[PDB]
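Chemist:
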Amino acid sequence: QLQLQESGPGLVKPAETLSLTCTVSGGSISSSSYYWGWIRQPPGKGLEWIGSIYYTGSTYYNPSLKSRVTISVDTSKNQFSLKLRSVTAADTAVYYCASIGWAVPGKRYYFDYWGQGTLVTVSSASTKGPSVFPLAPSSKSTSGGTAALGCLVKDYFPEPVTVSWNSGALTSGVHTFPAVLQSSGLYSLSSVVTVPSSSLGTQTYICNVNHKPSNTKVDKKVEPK
Amino acid sequence: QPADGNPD
Amino acid sequence: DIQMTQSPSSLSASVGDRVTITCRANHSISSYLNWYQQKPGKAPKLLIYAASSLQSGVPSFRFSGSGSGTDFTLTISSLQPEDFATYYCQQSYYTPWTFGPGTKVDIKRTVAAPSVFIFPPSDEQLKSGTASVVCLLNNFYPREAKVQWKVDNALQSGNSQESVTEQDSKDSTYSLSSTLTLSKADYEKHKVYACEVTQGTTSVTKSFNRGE
Ligand SMILES: *[C@@H]1O[C@H](CO[C@@H]2O[C@@H](C)[C@@H](O)[C@@H](O)[C@@H]2O)[C@@H](O[C@@H]2O[C@H](CO)[C@@H](O[C@@H]3O[C@H](CO[C@H]4O[C@H](CO)[C@@H](O)[C@H](O)[C@@H]4O)[C@@H](O)[C@H](O[C@H]4O[C@H](CO)[C@@H](O)[C@H](O)[C@@H]4O)[C@@H]3O)[C@H](O)[C@H]2NC(C)=O)[C@H](O)[C@H]1NC(C)=O
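Chains as they are written, first to last, in the authors' numbering: chain H, 1 to 35, 35A to 35B, 36 to 82, 82A to 82C, 83 to 100, 100A to 100F, 101 to 214; chain B, 96 to 103; chain L, 1 to 212.
1. Collect the residues with a C-beta less than 7 Å away from any heavy atom of ligand 1 and give them in sequence order along the chain.
2. Can you list the residues of chain B that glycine 134 (chain H) reaches, using a CB-CB cut of under 8 Å?
3. Determine whether the Cβ of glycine 100A (chain H) lies closer than 7 Å to any Cβ atom of chain B.
4. In terms of residues, what are the limits of the alpha helix (DSSP H) holding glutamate 212 (chain H)?
5. Secondary structure at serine 56 (chain H), three-state DSSP: helix, strand or coil?
6. Compare the Cα-Cα distances from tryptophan 36 (chain H) to each of L:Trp97, L:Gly57, L:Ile76 and L:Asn26 and report the closest residue.
7. Thinking C-alpha only, which one of L:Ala194, L:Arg210 and L:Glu212 is nearest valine 204 (chain L)?
8. What did DSSP end up calling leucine 175 (chain H) once you bin it into helix, strand or coil?
9. Can you tell me whether DSSP reads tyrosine 187 (chain L) as helix, strand or coil?
10. Interface residues of chain H around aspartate 99 (chain B) at Cβ under 9 Å?
11. Less than 7 Å between CB atoms is the rule here; does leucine 46 (chain L) satisfy it with respect to chain H?
12. Per the DSSP calculation, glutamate 46 (chain H) is bridged to which residue(s)?
13. For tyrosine 91 (chain H) and chain L, any beta-carbon pair shorter than 7 Å?
14. With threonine 75 (chain L) and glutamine 6 (chain L) assumed to form a contact (beta carbons below 8 Å), what rounded beta-carbon distance in angstroms separates them?
15. Is it buried or exposed for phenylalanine 72 (chain L), if we count other Cβ within 10 angstroms and need 16 for buried?
16. So which residues of chain B does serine 28 (chain H) contact, with C-beta pairs closer than 8 Å?
17. Taking DSSP as the reference, what is the three-state secondary structure of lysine 150 (chain L)?
18. Just to confirm, are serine 31 (chain L) and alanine 50 (chain L) a CB contact at a threshold of 7 Å?
19. Suppose you measure from the CA of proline 126 (chain H) to the CA of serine 177 (chain L); what does that come to, to the nearest Å?
20. Below 8 Å on the Cβ atoms is my guess for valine 211 (chain H) versus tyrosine 194 (chain H); work out the distance and round it to an integer in Å.
21. Compare the C-beta of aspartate 208 (chain H) with all C-beta atoms of chain L and state if any pair is closer than 7 Å.
22. Going straight from the alpha carbon of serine 156 (chain H) to that of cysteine 196 (chain H), what length do you get?
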């Protein structure tokens, strides 16, 4: 079991350089039975292999990108990294790091462990953290014994925000909607959870809103009105 | 990494 | 490079069904072929490597892969709700490694009507000069639905947006949220706010009065 941790999402300006780092835990990056690579997925599209590195520094690049990409490795800190020069909006995508094993006989490579993915947005606008508003339950949001509550996450840039409830302890009944692009060029989304209306006098429900591009987290206790 | 199909 | 294709690009199938997906290479790739399962919002997960070997944590008798050369199949036995995902093949014989475009596997289930909830703007937001009214359609099937806003019984256009989840991995339903955005000024000139959802021959409207 490996865990691969990428640096978080953010903005990169047109024509500047995207830079990402993956930290490997659960095993050494100095392994003669692994390479280490980067893959990306444009929003709504499929997957493209960017390139790979062996723990000695040898590198392998997709020729659709070989001019602009550099991958490097730091065995001392169990890290490897990716630089992508002169970016455009064609480079906006979720970038994944991955360990690359293979199945003998032959070098039948596979991607067996993956990072969580980091969304990179190429854009001229600046970042804006979100404003968070409660969507509050009452008798008027109670279907028999089940109430809906949520929070409205308004006016942020770039994507993504992630939302959890009660620090991730509450997961079933949660729906976090895809963000919408508003005419101001800022995003909004909402996240809701359904809970027994009899619990609203007793249990605390807190929506946890994380906006890594602005290094902001917002926690909002959502109360019946 | 090095490919078996096109090792050039 | 080696072009990978998949068929079909999407399918729907019922729970318990047997589902087969096809991958083709435009050049032989021997057995150097992997299958990945990507669920919504997650990284792809290796399911099959070397064309037919199972990743060691995958439960037996649920997935199998076969083929060689240019034609490969992934088979899902006894489709389950949690198998909702996009399935990608990927070849490792020629560099650059290339993925197929993916096959989305949707789940067919019985109709479910939505639970409908409407939330007035928070007083927090109103202090700020805008008012977002939110309509929630929770856990319905099938996906298609018309959502409309009415303010003092007058139908709205161009001032709302909507968002739909992917199919739930446990009960295979959808949920949807619609947001009507007004100026605080506009919001306080009207009394009745209503969200109306239509599927087939049934409409459900939830409303509130700005006063109460
Ligand atoms: C499997 O399909 C592969 C994908 O091809 C697509 O789908 C197929 C089914 C077709 O419909 C096709 O139209 C689609 O493209 C197919 O891969 C293709 O293979 C060809 C060779 O036949 C490649 O053409 C060569 O491309 C290179 C690279 O060009 C790009 O990169 C350089 C930078 O490095 C840029 O400067 C270029 O502008 C491009 O952006 C060319 O350098 C090369 O030219 C030289 O050779 C040709 C002969 O073809 C000479 O006439 C020239 O003078 C040059 O000396 C070729 O044109 C093509 O890139 C490649 N596509 C992809 C996406 O990789 C593959 O061949 C199929 N396999 C089989 C067995 O059919």
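All C-beta atoms, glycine included, are put in the ideal place defined by N, C-alpha and C.
Modeler: Taking the definition as stated:
1. H:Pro61, L:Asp1, L:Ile2, L:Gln3, L:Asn26 and L:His27
2. Under the 8 Å cutoff, chain B gives no residues; its nearest Cβ is about 57 Å from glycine 134 (chain H).
3. yes
4. Premise fails: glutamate 212 (chain H) is in no alpha helix (DSSP H) and is neither H nor E.
5. coil
6. L:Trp97
7. L:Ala194
8. coil
9. helix
10. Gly100A, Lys100B and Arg100C
11. yes
12. H:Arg38 and L:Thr98
13. yes
14. Between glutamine 6 (chain L) and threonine 75 (chain L) the Cβ distance is about 14 Å, and since that is not below 8 Å, they are no contact.
15. buried
16. Per Cβ cutoff of 8 Å: no residues; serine 28 (chain H) is ~18 Å from chain B at best.
17. strand
18. yes
19. 16 Å
20. 5 Å
21. no
22. 8 Å
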